[PDB]
Every structure is written in structure tokens, then in C-alpha cells.
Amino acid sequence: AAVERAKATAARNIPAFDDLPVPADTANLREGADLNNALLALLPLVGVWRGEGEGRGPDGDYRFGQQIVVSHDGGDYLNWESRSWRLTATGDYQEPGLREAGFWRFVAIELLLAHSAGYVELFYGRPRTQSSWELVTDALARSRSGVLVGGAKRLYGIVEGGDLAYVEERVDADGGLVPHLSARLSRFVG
């Protein structure tokens, strides 16, 4: 079953224009531009990931679904996009959730993000193993209508079976990092 799943995802790639003079974005390291040497520590992230997660809100815990797309065009960065959506307690689609887009660079890890909710964020961090990474917020800036937020720590890692798991903690008013989000996503592409 595990060998077949890998075969299925290895045959896929993201939808992309094939008609530009620059390389098409690829989320499958079997296709497209060579991965830049700077990025080898991040190699397991490349792909499309889909699954569900759990968050801690004002009204208790809640469920969400999510897709993360991690691609590259042969440059010294990874393209990153995450889209989430709220699920009811019973697992039904409720409404759209948060979206973010940006880039990973490795040169120490940097994650540069814009958020649809109306702020930008810079994360800095380090690999913990060949397939796990830790990042912490170093800068935040919002637009006038943007949400008010605090710094975070994100821990990402490939877990047994190949899924991408993560935990995001946020700083509380009292300065302590507390649980905020967690998710485990199955590979869909790559």
C-alpha cells in the first residue's frame, strides 16, 4: 500500500503554465529544473500536501482542512503557498480560512510570508534533522485593516509514513509560548 501511494504521487505535478522562457514551477523533484544545491536540507518539503489540522480558538478547539504547495523553479528558494479552510466540529466544510504565500531560503533557514489576513512576517530558524525544521518569527507588519497578531514558533517535520506534520505555537500576553495549531498532511504530489 505504501509503495503504491508513493507511485501515485510520484506520477503527479502541480498545474502550471508550460509556455514561459523560465522553468515551470515543479512540486515533483523527478520533473523540471534541477533543485538548487542550496536547498538540499529542505528537499523533503517539495510537493503538495493535503490534510486536516486542529486549532485552539476563543471558543475551544476547532478543525480545519489545508493544502500546502511547495514548489521551485530552479532558483535558490522554494515557493510556498498554504490555503486552509474551517471545518465544522463534525468534519463538514464550513468556510474559507487563512492563506499565506512566500518563499523558503537556506543560507540557517528563512521563511518570508505575506498573509491574506493583512500582514507580512519574517521567520528565521534552523534544521533539526534531515527532515525536520524549526522557525521563529523575527518581524511582523500589518496593513491598517490587517489582523493583530503575535510572534510564533513553527516546527515542521516528515513523520513515519512520509506525512508532513507541524505544530505552530504563539506567544501569549504573559510571554509564554502556547499551542495554537497542529496538523498532519498526506503527500498528494511528488
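Residues carry their position along the shown sequence, with the first being 1.
As recorded in the PDB entry, how many deposited residues are without coordinates between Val107 and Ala108: none, 1 to 3, 4 to 9, or 10 or more?
-> Unresolved stretch here: 10 or more residues.
Hey, which bit's got the bigger mean C-alpha B factor in the entry, 51-59 or 129-137?
-> Taking the mean B-factor of the alpha carbons in each, 51-59 is higher.
Of 36-44 and 155-163, the one with larger mean CA B-factor = Comparing averages over the C-alpha atoms only gives 155-163.
Pull the Cα B-factor of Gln94 out of the PDB entry and bin it into the chain's lowest, middle or highest third.
-> Its C-alpha B-factor, which the entry lists for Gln94, ranks in the highest third among residues of this chain.
For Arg184, does the deposited CA B-factor place it in the lowest, middle or highest third of the chain?
-> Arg184: CA B-factor falls in the middle third of its chain.
Tell me, lowest, middle or highest third: where does the Cα B factor of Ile68 rank within its chain?
-> CA B-factor rank for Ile68: lowest third.
Lowest, middle or highest third: where is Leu29 by C-alpha B factor in its chain?
-> For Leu29, whose C-alpha B-factor we compare with every modelled residue in the chain, the answer is the middle third.
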